[PDB]
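Let me begin by presenting the structure, written as structure tokens, before commenting on it.
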Amino acid sequence: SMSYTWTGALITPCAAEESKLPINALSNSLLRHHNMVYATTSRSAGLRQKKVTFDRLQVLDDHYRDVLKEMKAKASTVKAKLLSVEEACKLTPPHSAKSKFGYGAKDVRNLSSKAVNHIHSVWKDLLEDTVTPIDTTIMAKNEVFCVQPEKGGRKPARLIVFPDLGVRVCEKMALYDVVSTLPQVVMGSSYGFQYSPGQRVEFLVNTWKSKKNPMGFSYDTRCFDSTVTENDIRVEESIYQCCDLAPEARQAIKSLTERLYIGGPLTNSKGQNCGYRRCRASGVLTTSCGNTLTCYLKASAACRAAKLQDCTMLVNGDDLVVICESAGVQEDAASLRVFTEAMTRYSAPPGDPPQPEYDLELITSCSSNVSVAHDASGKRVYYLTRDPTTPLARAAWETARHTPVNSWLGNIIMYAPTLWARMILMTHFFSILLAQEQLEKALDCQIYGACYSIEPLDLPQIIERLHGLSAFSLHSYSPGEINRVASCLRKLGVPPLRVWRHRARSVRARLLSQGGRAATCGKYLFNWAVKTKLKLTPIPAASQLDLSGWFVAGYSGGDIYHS
Ligand SMILES: CC(C)CCn1c(=O)c(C2=NS(=O)(=O)c3ccccc3N2)c(O)c2ccccc21
């Protein structure tokens with residue numbers, strides 16, 4: 001079965017597309033090597049089409065069926081509810097793509113009669129029709145990256161496939177509660193989206209320590225979405241159906257599976273038929289849950305086929321990392337080969353071949369790695385970090401261009417304890433916010449696929465709640481981390497850390513001068529910049545924050561708003 005079939009109609013833009021890094025008066029203070037930063041556009045959609053287009057074959061053995069039966073057994077304990085039209089509407093992002101039927105995201109959120117009436121008609125159609133393929137729009141994503149080295153210089157735009165707004169609201173009603181609760185029940189501690197950064201680090205560290213002679217590896221599946229077959233998607237449906245559901249929800253899920261999830265026609269922004277899809281749609285509510293369940297199912301069975309010892313997996317959609325009991329460096333390499341052969345038979349061939357790791361800090365999963373620093377008391381502290389190249393390239397772009405998603409904010413929140421997020425991102429962006437008097441302006445960012453509207457002034461409390469106060473006093477980072485950051489800066493032409501420490505003292509002083517929440521930011525976020533630090537005590541508002549739903553499930557491409 002081919003993942004896609006094309007007509008020849010091009011994947012078209014729905015607006016003007018920029019590829020070169022936009023420059024303004026603030027750009028050079030952050031990055032000088034402008035030519036190293038770019039954004040993907042529809043101009044490379046052709047290259048992407050070739051990569052994601054291929055034949056899929058599956059050979060399912062008993063290990064596969066054994067694991068699936070166990071997953072279904074846990075899924076049977078789940079009771080999920082249907083969401084009312086209003087609840088589904090409120091989960092819709094204010095700037096979600098408008099419907100082709102006379103209404104947009106705001107009309108949905110406002111529960112306008114027109115939107116609500118059309119939504120009900122789509123719902124009724126799903127119940128009456130369980131066969132007609134539902135239309136979807138295919139677009140080229142505009143994402144920012146840094147060039148080099150030998151991966152062709154620049155990577156092609158990724159593709160996004162999504163159904164109409166009316167259908168998206170319907171998915172929420174029938175499956176929001178399911179995709180939010182089922183994964184954790186089925187996979188337990190292996191479900192990665194239930195963890196905050198600190199909790200993820202804790203699980204990785206404790207899992208690593210639970211093995212006599214730990215060995216670990218990340219498994220990179222080549223174009224995971226395209227490796228997902230009709231079988232996989234139907235098996236996913238069988239798992240959802242194991243839940244205790246309202247009869248109406250069962251019909252809608254069966255309908256969505258047959259008409260949308262398994263595949264359907266692809267239409268470009270101009271209304272032309274681009275082809276047909278027979279693999280995972282990247283822009284549906286079940287994309288994250290489906291990829292997670294399927295990755296976990298195939299990997300769990302593969303672990304058995306490979307006979308890995310005391311296996312512990314951590315799955316986030318298509319991102320997989322396994323930690324197990326080492327049986328010698330020789331058998332470890334052989335085991336991974338068997339694991340890989342098993343995954344392949346299941347249709348999930350690897351991109352980069354997997355390799356055994358015997359140093360937890362060298363394993364990258366979800367683009368991150370565990371590292372260590374020290375708190376005020378001098379105690380060793382494990383935290384999550386990553387190479388800052390992409391985060392910095394995106395920050396440069398957002399420095400001169402307002403975007404729907406502010407990656408710099410998401411990165412500060414998730415990587416608040418890191419050297420680079422603290423010295424560069426915080427310093428740079430708070431400087432910009434100060435100068436524009438926009439510290440109180442709520443900005444959107446995405447965490448685990450979901451959209452959140454966050455006020456920068458609330459960062460101190462948010463960071464305390466997610467990482468603890470230690471995020472404001474970590475010091476003495478590892479040489480490896482320091483060197484990776486410093487190297488990254490030289491590559492992009494970003495001023496050295498010493499410059500940022502100097503700038504931070506200024507930003508800090510400026511914030512303190514504003515008093516109120518602004519002062520709190522200067523105090524907590526930049527205490528690392530002064531030689532004579534302070535005490536930094538718990539923030540009252542911190543415990544007042546409603547951080548519910550922040551780290552429960554993944555919703556990548558799920559069109560979810562959690563504010
Ligand atoms: C594992 C995290 C603690 C650290 C890395 N990290 C992520 O993995 C993700 C993330 N969200 S997602 O649903 O698209 C997704 C889908 C499938 C596999 C991984 C992710 N990963 C972030 O959206 C993110 C945003 C800001 C900063 C860091 C971040």
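Letters for chains follow the order of the structure tokens (A, B, ...), residue numbers begin at 1 for each chain, and ligand numbers begin at 1 in the order shown.
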Where does region 287-386 of chain A meet region 432-452 of chain A within 12 Å, residue by residue, with the nearest atom pair and distance in Å to one decimal for each, counting only C-alpha atoms, listed by chain and rising number, as CSV?
```
residue,atom,partner,partner_atom,distance
A:287,CA,A:449,CA,10.3
A:288,CA,A:449,CA,8.5
A:289,CA,A:449,CA,11.5
A:316,CA,A:448,CA,9.2
A:317,CA,A:448,CA,10.1
A:366,CA,A:448,CA,10.6
```
Per residue of chain A within 9 Å of ligand 1, which atom pair is closest and at what distance in Å (one decimal), using only C-alpha atoms and all ligand atoms, listed by chain and increasing number, as a tab-separated table?
```
residue	atom	partner	partner_atom_place_in_ligand_line	distance
A:192	CA	ligand 1	1 (C)	7.5
A:193	CA	ligand 1	13 (O)	7.6
A:195	CA	ligand 1	3 (C)	7.1
A:196	CA	ligand 1	3 (C)	5.7
A:197	CA	ligand 1	3 (C)	3.7
A:198	CA	ligand 1	3 (C)	7.4
A:199	CA	ligand 1	3 (C)	8.3
A:200	CA	ligand 1	3 (C)	6.3
A:201	CA	ligand 1	3 (C)	8.1
A:287	CA	ligand 1	16 (C)	8.9
A:288	CA	ligand 1	16 (C)	6.3
A:291	CA	ligand 1	17 (C)	8.1
A:292	CA	ligand 1	17 (C)	8.0
A:315	CA	ligand 1	18 (C)	7.9
A:316	CA	ligand 1	18 (C)	4.5
A:317	CA	ligand 1	17 (C)	4.2
A:318	CA	ligand 1	18 (C)	5.7
A:319	CA	ligand 1	18 (C)	5.0
A:320	CA	ligand 1	18 (C)	8.4
A:365	CA	ligand 1	1 (C)	7.4
A:366	CA	ligand 1	8 (O)	4.5
A:367	CA	ligand 1	5 (C)	6.2
A:368	CA	ligand 1	5 (C)	6.0
A:369	CA	ligand 1	4 (C)	8.8
A:384	CA	ligand 1	4 (C)	7.1
A:385	CA	ligand 1	4 (C)	7.7
A:386	CA	ligand 1	5 (C)	8.1
A:391	CA	ligand 1	27 (C)	8.7
A:407	CA	ligand 1	26 (C)	6.8
A:408	CA	ligand 1	26 (C)	8.2
A:409	CA	ligand 1	26 (C)	8.0
A:410	CA	ligand 1	26 (C)	4.4
A:411	CA	ligand 1	27 (C)	4.2
A:412	CA	ligand 1	27 (C)	7.4
A:413	CA	ligand 1	27 (C)	7.0
A:414	CA	ligand 1	27 (C)	4.6
A:415	CA	ligand 1	27 (C)	6.3
A:445	CA	ligand 1	26 (C)	8.3
A:446	CA	ligand 1	23 (O)	5.8
A:447	CA	ligand 1	23 (O)	4.3
A:448	CA	ligand 1	13 (O)	3.2
A:449	CA	ligand 1	13 (O)	3.9
A:450	CA	ligand 1	13 (O)	7.2
A:553	CA	ligand 1	13 (O)	8.2
A:554	CA	ligand 1	13 (O)	4.7
A:555	CA	ligand 1	13 (O)	5.6
A:556	CA	ligand 1	13 (O)	4.4
A:557	CA	ligand 1	14 (O)	7.8
```
Exercise. Identify, on the basis of only C-alpha atoms, every residue whose closest approach to residue 390 (chain A) does not exceed 10 Å; exclude the query and any residue fewer than 5 positions from it along the same chain; express the result as JSON, numbers by chain.
Key: {"A": [37, 144, 145, 146, 147, 395, 396, 407, 488]}
Same residues, N, CA and C atoms, saved as a PDB file, in the first residue's frame:
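That gives us part36.pdb:
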```pdb
ATOM      1  N   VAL A  37      20.092  31.101   8.847  1.00  0.00           N
ATOM      2  CA  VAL A  37      18.719  30.880   9.294  1.00  0.00           C
ATOM      3  C   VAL A  37      17.741  31.004   8.129  1.00  0.00           C
ATOM      4  N   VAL A 144      11.185  27.432  10.932  1.00  0.00           N
ATOM      5  CA  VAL A 144      12.532  28.004  10.920  1.00  0.00           C
ATOM      6  C   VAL A 144      13.608  27.039  11.439  1.00  0.00           C
ATOM      7  N   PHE A 145      14.737  26.998  10.737  1.00  0.00           N
ATOM      8  CA  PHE A 145      15.852  26.124  11.097  1.00  0.00           C
ATOM      9  C   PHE A 145      17.182  26.803  10.776  1.00  0.00           C
ATOM     10  N   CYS A 146      18.268  26.165  11.197  1.00  0.00           N
ATOM     11  CA  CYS A 146      19.616  26.641  10.909  1.00  0.00           C
ATOM     12  C   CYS A 146      20.139  25.709   9.808  1.00  0.00           C
ATOM     13  N   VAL A 147      20.894  26.246   8.853  1.00  0.00           N
ATOM     14  CA  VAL A 147      21.429  25.439   7.755  1.00  0.00           C
ATOM     15  C   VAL A 147      22.580  24.533   8.187  1.00  0.00           C
ATOM     16  N   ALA A 395      14.278  32.112  17.580  1.00  0.00           N
ATOM     17  CA  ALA A 395      14.218  33.333  18.376  1.00  0.00           C
ATOM     18  C   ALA A 395      14.603  34.522  17.491  1.00  0.00           C
ATOM     19  N   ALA A 396      15.591  34.318  16.625  1.00  0.00           N
ATOM     20  CA  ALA A 396      16.039  35.371  15.713  1.00  0.00           C
ATOM     21  C   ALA A 396      14.883  35.800  14.815  1.00  0.00           C
ATOM     22  N   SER A 407       7.913  30.555  19.794  1.00  0.00           N
ATOM     23  CA  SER A 407       8.759  29.469  20.276  1.00  0.00           C
ATOM     24  C   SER A 407       9.659  29.882  21.430  1.00  0.00           C
ATOM     25  N   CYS A 488      27.605  26.576  19.697  1.00  0.00           N
ATOM     26  CA  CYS A 488      26.412  26.975  18.973  1.00  0.00           C
ATOM     27  C   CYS A 488      26.416  28.480  18.717  1.00  0.00           C
TER      28      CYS A 488
END
```
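For the pair CA of residue 533 (chain A) and CA of residue 202 (chain A), the interatomic distance is 27.6 Å.
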Self-check item: Backbone DSSP call of strand (DSSP E) for region 248-388 of chain A, listed as number ranges by chain
Solution: A: 264-267, 273-277, 309-316, 319-325, 369-374, 380-385
Exercise. Between A:268, A:335, A:121, A:42, single out the one closest to residue 304 (chain A), counting only C-alpha atoms.
Key: A:335
Exercise. Within region 68-268 of chain A, find each residue whose DSSP state, derived from the backbone, is alpha helix (DSSP H), and express the selection as an MDAnalysis selection string.
Key: chainID A and resid 68:75 85:90 105:109 113:128 165:187 197:209 224:227 230:240 247:256
Quiz item: Hey, what's within 10 Å of residue 269 (chain A) if we count only C-alpha atoms and toss same-chain stuff fewer than 4 positions away? As a ChimeraX atom specification, please?
Solution: /A:10-15,137-139,273
Keeping only N, CA and C atoms, write the selected residues as a PDB file, in the first residue's frame.
```pdb
ATOM      1  N   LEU A  10       0.085  20.890  -7.523  1.00  0.00           N
ATOM      2  CA  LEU A  10       1.066  21.306  -6.533  1.00  0.00           C
ATOM      3  C   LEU A  10       0.440  21.631  -5.183  1.00  0.00           C
ATOM      4  N   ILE A  11       1.254  21.557  -4.135  1.00  0.00           N
ATOM      5  CA  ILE A  11       0.810  21.904  -2.793  1.00  0.00           C
ATOM      6  C   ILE A  11       1.064  23.405  -2.796  1.00  0.00           C
ATOM      7  N   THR A  12      -0.006  24.179  -2.686  1.00  0.00           N
ATOM      8  CA  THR A  12       0.088  25.629  -2.755  1.00  0.00           C
ATOM      9  C   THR A  12       0.024  26.398  -1.438  1.00  0.00           C
ATOM     10  N   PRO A  13       0.601  27.611  -1.420  1.00  0.00           N
ATOM     11  CA  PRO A  13       0.612  28.467  -0.230  1.00  0.00           C
ATOM     12  C   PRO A  13      -0.763  29.107  -0.093  1.00  0.00           C
ATOM     13  N   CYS A  14      -1.092  29.584   1.101  1.00  0.00           N
ATOM     14  CA  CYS A  14      -2.376  30.237   1.317  1.00  0.00           C
ATOM     15  C   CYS A  14      -2.102  31.699   1.627  1.00  0.00           C
ATOM     16  N   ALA A  15      -0.849  32.099   1.436  1.00  0.00           N
ATOM     17  CA  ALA A  15      -0.412  33.468   1.688  1.00  0.00           C
ATOM     18  C   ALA A  15       1.053  33.602   1.293  1.00  0.00           C
ATOM     19  N   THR A 137      -7.324  19.320   3.759  1.00  0.00           N
ATOM     20  CA  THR A 137      -6.482  20.287   3.081  1.00  0.00           C
ATOM     21  C   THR A 137      -5.034  19.932   3.384  1.00  0.00           C
ATOM     22  N   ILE A 138      -4.184  19.980   2.369  1.00  0.00           N
ATOM     23  CA  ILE A 138      -2.777  19.687   2.573  1.00  0.00           C
ATOM     24  C   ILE A 138      -2.010  20.990   2.361  1.00  0.00           C
ATOM     25  N   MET A 139      -1.159  21.332   3.326  1.00  0.00           N
ATOM     26  CA  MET A 139      -0.360  22.559   3.276  1.00  0.00           C
ATOM     27  C   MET A 139       1.094  22.279   3.632  1.00  0.00           C
ATOM     28  N   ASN A 273      -7.533  18.914  -6.365  1.00  0.00           N
ATOM     29  CA  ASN A 273      -7.273  17.584  -5.825  1.00  0.00           C
ATOM     30  C   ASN A 273      -5.786  17.273  -6.018  1.00  0.00           C
TER      31      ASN A 273
END
```
Quiz prompt | residue 72 (chain A) environment, 6 Å, only C-alpha atoms, sequence neighbours closer than 3 positions dropped, as a ChimeraX atom specification | solution = /A:69,75,239
Quiz item: Distance CA of residue 346 (chain A)-CA of residue 238 (chain A), one decimal place?
Solution: 17.8 Å
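Take CA of residue 99 (chain A) and CA of residue 115 (chain A): the distance between them is 8.9 Å.
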